[PDB]
Amino acid sequence: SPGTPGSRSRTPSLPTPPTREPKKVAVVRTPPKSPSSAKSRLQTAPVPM
Amino acid sequence: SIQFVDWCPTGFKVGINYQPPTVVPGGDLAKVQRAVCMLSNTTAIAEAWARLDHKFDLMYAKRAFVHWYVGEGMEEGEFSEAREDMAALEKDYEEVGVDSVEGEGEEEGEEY
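So the sequence lines, in the order shown, correspond to chains O and D. First residue of the first sequence: 202, per the entry's author numbering; consecutive thereafter. First residue of the second sequence: 340, per the entry's author numbering; consecutive thereafter.
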């Protein structure tokens with residue numbers, strides 16, 4: 202007997218489309234900034250002359 | 340040179356008692372046959388009242404400690420009412436120092 206039987210899957214292969222890469226790695230842009238504000242402040246005179 | 344006001348026509352008052360000063364235990368005076376109390380009314384104290392009125396101003400300009408008083412039910416108008424009264428006084432103590440002058444300008448002689 203043939204030692205690899207017919208009981209076994211013989212599914213024939215297909216036209217699979219071409220392979221895309223795993224990762225894009227497109228270029229980044231820096232995020233924007235404005236400068237930090239002082240939190241403790243200068244104050245005016247509460248009392249006049 | 341113990342300067343009285345220039346206007347002064349009279350400016351002394353006398354009073355005389357036979358009892359001397361008395362010694363108290365723990366006391367600091369010597370035992371003496373005679374003594375003098377003196378009360379002087381004078382224009383000079385008025386500058387010491389400008390010291391105190393300047394000591395008022397310098398805090399009031401900062402409303403320093405002011406809140407301790409408003410909450411008692413009197414006003415910041417009630418400081419300035421009493422402050423304006425110190426100014427009427429300062430300005431009248433000046434007036435009773437005046438050498439009976441009630442003039443406006445000054446006048447000069449002939450010099451070389």
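Every residue, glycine too, gets a C-beta built ideally from N, C-alpha and C.
Residue i versus residue j - alpha carbon distance
i	j	result
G207/O	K224/O	42 Å
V409/D	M377/D	41 Å
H406/D	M250/O	18 Å
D392/D	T361/D	39 Å
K401/D	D424/D	20 Å
residue 281/D	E433/D	The first residue shown for chain D is 340 and the last is 451, placing residue 281/D beyond what the model contains.
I341/D	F418/D	37 Å
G436/D	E429/D	11 Å
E420/D	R390/D	19 Å
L397/D	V248/O	12 Å
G204/O	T212/O	19 Å
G416/D	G448/D	51 Å
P218/O	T231/O	37 Å
residue 495/D	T349/D	Residue 495/D lies beyond the stretch modelled for chain D, which goes from 340 to 451, so this question has no answer here.
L368/D	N356/D	19 Å
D431/D	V371/D	41 Å
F395/D	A427/D	15 Å
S235/O	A246/O	31 Å
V228/O	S214/O	38 Å
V375/D	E446/D	45 Å
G444/D	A385/D	26 Å
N380/D	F343/D	10 Å
As assigned by DSSP and simplified to three states, the class of residue i
i	result
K394/D	helix
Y357/D	coil
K401/D	coil
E450/D	coil
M425/D	helix
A385/D	helix
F418/D	helix
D438/D	coil
9 Å Cβ cutoff, residue i in contact with chain D
i	result
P232/O	no
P236/O	no
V248/O	yes
Chain O contact for residue i (CB, 9 Å cutoff)
i	result
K401/D	yes
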